[PDB]
Each structure stands twice: as structure tokens, then as C-alpha cells.
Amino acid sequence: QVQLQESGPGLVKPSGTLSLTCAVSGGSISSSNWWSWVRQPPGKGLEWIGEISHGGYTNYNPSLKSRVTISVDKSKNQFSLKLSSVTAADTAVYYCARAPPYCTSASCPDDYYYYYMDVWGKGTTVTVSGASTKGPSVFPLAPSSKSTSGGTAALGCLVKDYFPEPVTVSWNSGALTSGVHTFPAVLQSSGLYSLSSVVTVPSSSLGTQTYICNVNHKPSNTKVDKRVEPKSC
């Protein structure tokens, strides 16, 4: 029942130090486990970063060893990653993960302690950039006769002009999931992102339900809850 959740800064300045934390739930950091980090540059494959056990023992990717420190916090049930002297090559989604106790060397007494990462976090997006963070401006996309087709109506939220990625959108604090489509962001000529999230709902529910989009832009520590109401007027 172990679950993992990353937190990160969003933006890190070039030559700066990236700091990430992974919160462990459903199990103890002090149990025999290899608490691990993996990353994935945009459009590219997976790269293992390293692992730590509760006693402090570590193993790191040799290509990153000189810049990586993984740590454990017993009391808070977390582990963390520090990556120094960052460059654009470190822009990536960073995952924390769990690997059970393993033994893969030929010297191992047993052969059945396989190495694998069975539990993964959601990932946190890290952008290495000298540009300034910018929070979004959120506008409602109201349902109307022209955004309705028969028994189904579309309504949404426009999330304008933010940096860096990502923005996450939920609806009704997570109580509305059916019919939700959050579209990938456009990267504008300005270097800022915009995206939209739309939900399709029964057209007969437009008067009787409340629709609120919850926009989270963690890089700028901004959250916006935007009410989306039918046009009228």
C-alpha cells in the first residue's frame, strides 16, 4: 500500500541546485526498501538517478554521481534529491519510486531478490531556465447554445500566459471527473504557455449544478478556483 508523491520547485536557475522531496504514505521509510529517483527529459527515455536505504546507504548513476545527493528523513517519512550545477540537460520530469530489497550481483547468496521499481510517484516537472516565473490568468469558457449539441454541453476554463509548465486542472475539487479533457498547452511566441480544460456535461444539468475549475500552477505558488456559469445576460 506504499504510495509516493513528489514535490519540487518548478523552475531552477542554470548552475543552481535542484531540490526535490518524495512523501511516502502507506508504509514506513524505515522498512527495508530502496527509495529511488528516476528522470525523463522531454520527449526522451528513462534514466535512473539513484537510490537510498533507511540506514543511509546510497547508489548513484555514475554519470550523475558528482552532482547528486539523495537523503532520507525518518521523522517526516520522506526522502529527497539534490542535484547541483544544473543545466538545460537536467530539464525533465522527475519520478520517485520504490524498489524492494534486491540482490543482483553474482556474489549474492540468493537469486530470487530481483531488482525492480514497482511503485512510482506521479512525477514533478523541473525546468532549468533563467526566465521569470509567471502565474496564469484564468477565464471561464461558458456553456451556451453554440457550445451545446443535443443532450451534451461543453464548458471549460482558459488558462493564459504562464511559465514554466505545468498547470493541473481539476473540476469541483476532484468530484467531477467524467467528461473532463485538459488539453496540452500551447507554447506561444512570447515563451509563455496557455492551455484549456473542457468538461462535457448533460445540457439539462446546466441550471442545477455548480461548475468550478481548480487551476494549480505550483511553480508560482498560485491556485485559482474559477466559477463557470451559463452565459444568459
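The numbering used is simple: start at 1 and walk along the sequence shown.
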128-136 versus 96-104: which one carries the higher mean Cα B factor per the record?
128-136
Assert higher mean C-alpha B factor (224-232 or 4-12, deposited values) equals 224-232
Maximum C-alpha temperature factor per the entry, among 206, 49, 46, 185, belongs to which one?
206
Max C-alpha B-factor within the set 87, 80, 84, 149 falls on 149
Sorting the chain's CA B-factors, does residue 214 end up in the lowest, middle or highest third?
lowest
What third of its chain's C-alpha B-factors does residue 174 belong to: lowest, middle or highest?
highest
Check where residue 31 lands among this chain's C-alpha B-factors and tell me if it's the lowest, middle or highest third.
highest
Going by the recorded CA B-factors, say which third of the chain residue 161 sits in, lowest, middle or highest.
middle
Would you please rank residue 64 by its C-alpha temperature factor against the other modelled residues of its chain and give the third it falls in: lowest, middle or highest?
highest
